[PDB]
Amino acid sequence: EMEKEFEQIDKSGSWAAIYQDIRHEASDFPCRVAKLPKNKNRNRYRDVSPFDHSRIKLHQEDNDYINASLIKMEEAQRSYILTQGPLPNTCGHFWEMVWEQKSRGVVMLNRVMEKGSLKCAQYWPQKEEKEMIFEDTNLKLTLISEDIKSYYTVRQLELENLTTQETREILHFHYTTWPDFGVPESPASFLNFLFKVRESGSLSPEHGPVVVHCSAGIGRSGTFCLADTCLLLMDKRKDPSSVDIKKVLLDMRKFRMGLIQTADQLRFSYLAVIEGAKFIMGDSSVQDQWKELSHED
Ligand SMILES: O=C1CN(c2csc(-c3ccccc3)c2Cl)S(=O)(=O)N1
């Protein structure tokens, strides 16, 4: 269905129509907490807010608000936290969330600067010797090491709760070649990256939800999560035909608005999943193929 639908939608050039229908059917819930006057400076974008029912609450005294949503996929049995690229004043909140939610990995799909503008604060240390201390949330962050690839970087960070002195290892998966409102260079480079996150164990149910973000936390982030969830469902059932991508996307949209921002990102989601199915169903040789095609070295 997904593959016959793809060639079909593609033979009639109606991706914009298909995408817009999803937008029209998308859920609409209130974001009153996000719209409160006191939270205006905690939002990067006026028109991108987390619904109240699924927002992540900071276990905080003063203000529990952060622009982040818990995408809880009941059937797939995996959860993700999609959030905006933290602001200069919310980096402490960002790491507090990571700590309280017990996340093991953080997936970043954007670059700090895109099109001459700052789409995300430098929330992690770029140098081992220069660790970061977030005074407001009493947290300390240290870069332990990093493995730089051609189009993505994986970092090992140590997050410490200065209050209790406990420490945890956080893995940072940074995709540096995914244009804003754009799509990855190829399904291969994307899957190669997705599988790296999977192999790390960061998506395991034994950990808290992986934190995923781009600039707004809905376009590139939504694409990443949709593809992952679809492959997971398919994997659980070992049946590619039982996956209704559009349905999954609509379910995800019940938890955060605007997931997947362009018709091409949706189209790319299909490509990624269709190609990923090969591995899921037993052709693991393809994993090595993506690695080659991605040109990561
Ligand atoms: O592919 C994308 C595009 N992204 C966006 C950047 S500004 C933006 C936006 C800001 C304000 C109003 C409407 C839309 C969105 Cl949406 S994202 O960083 O969520 N991933």
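Per the deposited numbering, the sequence shown runs over residues 2 to 298.
For each residue, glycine too, the CB sits at the ideal point set by N, CA and C.
_DSSP state of residue 21 mapped onto helix, strand, coil_ = helix
*Closer than 7 Å: residue 46 CB and nearest ligand 1 heavy atom*: yes
_Closer than 7 Å: residue 254 CB and nearest ligand 1 heavy atom_ = no
*Looking at C-alpha atoms only, which residue of 64, 88, 76, 41 is the closest neighbour of residue 218?*
88
*Inter-residue CB distance, residue 3 and residue 274 (contact presumed, cutoff 8 Å)*: 7 Å
_Entirely enclosed alpha helix (DSSP H) segments - the region 21-57, minimum 4 residues_ = 33-36
*Assign residue 210 to one of two classes, buried (16 or more other C-beta atoms within 10 Å of its C-beta) or exposed (fewer than that).*
buried
*Tell me whether residue 111 counts as near ligand 1, meaning its Cβ is closer than 7 Å to at least one heavy atom of that ligand.*
yes
*Does the region 279-292 touch the region 184-193, meaning 3 or more C-beta pairs lie closer than 8 Å?*
yes
_For residue 289, three-class secondary structure by DSSP_ = helix
*With a threshold of 16 other CB atoms inside 10 Å of the CB of residue 18, please say whether the residue is buried or exposed.*
exposed
_I'd like the span of the alpha helix (DSSP H) that includes residue 270, first residue to last._
264-281
*Cβ-heavy atom distance, residue 181 to ligand 1, below 7 Å*: yes
*Mind checking which residues open and close the beta strand (DSSP E) that includes residue 88?*
Taken as a continuous stretch (DSSP letters only), residue 88 belongs to no beta strand (DSSP E), as it is neither H nor E.
_Please return the same chain residues whose Cβ sits closer than 8 Å to the Cβ of residue 205, not counting the five positions on each side in sequence._
105
*Verify the contact flag: residue 82, CB atom, against every heavy atom of ligand 1, threshold strictly below 7 Å.*
no
*How about residue 198 and residue 269: are their beta carbons less than 8 Å apart?*
no
*asked:* Quick check on DSSP: helix, strand or coil for residue 147?
replied: strand
*Please state if the CB of residue 160 and the CB of residue 168 are separated by a distance shorter than 8 Å.*
yes
_Can you tell me whether residue 306 is buried or exposed? The criterion is at least 16 other CB atoms within 10 Å of its CB, across all chains shown._
Nothing can be reported for residue 306: it is not among the residues displayed for the chain, which extend from 2 to 298.
_Closest by C-alpha distance to residue 108, when choosing among 244, 212, 295, 251_ = 212
*Can you list the alpha helix (DSSP H) stretches of 4 or more residues lying completely in the region 116-143, in chain order?*
none
*Would the C-beta of residue 21 count as close to ligand 1, meaning under 7 Å from any of its heavy atoms?*
no
*Cutoff 7 Å; reference residue 54; Cβ partners in own chain excluding five residues on either side*: 30
*residue 244 (DSSP reduced to helix, strand or coil)*: coil
*asked:* Short of 6 Å in beta carbon distance, which residues of its chain neighbour residue 188, apart from the five on each side in sequence? Order them along the chain.
replied: 272, 273, 276
*Inter-stretch contact (C-beta, 8 Å, three-pair minimum) for the region 92-102 and the region 117-129*: yes
*Could you check the C-alpha separation between residue 22 and residue 255 for me, to the nearest Å?*
15 Å
*Residue span of the alpha helix (DSSP H) that contains residue 328, given as start and end*: Only positions 2 to 298 of the chain appear in this structure, which leaves residue 328 out of reach.
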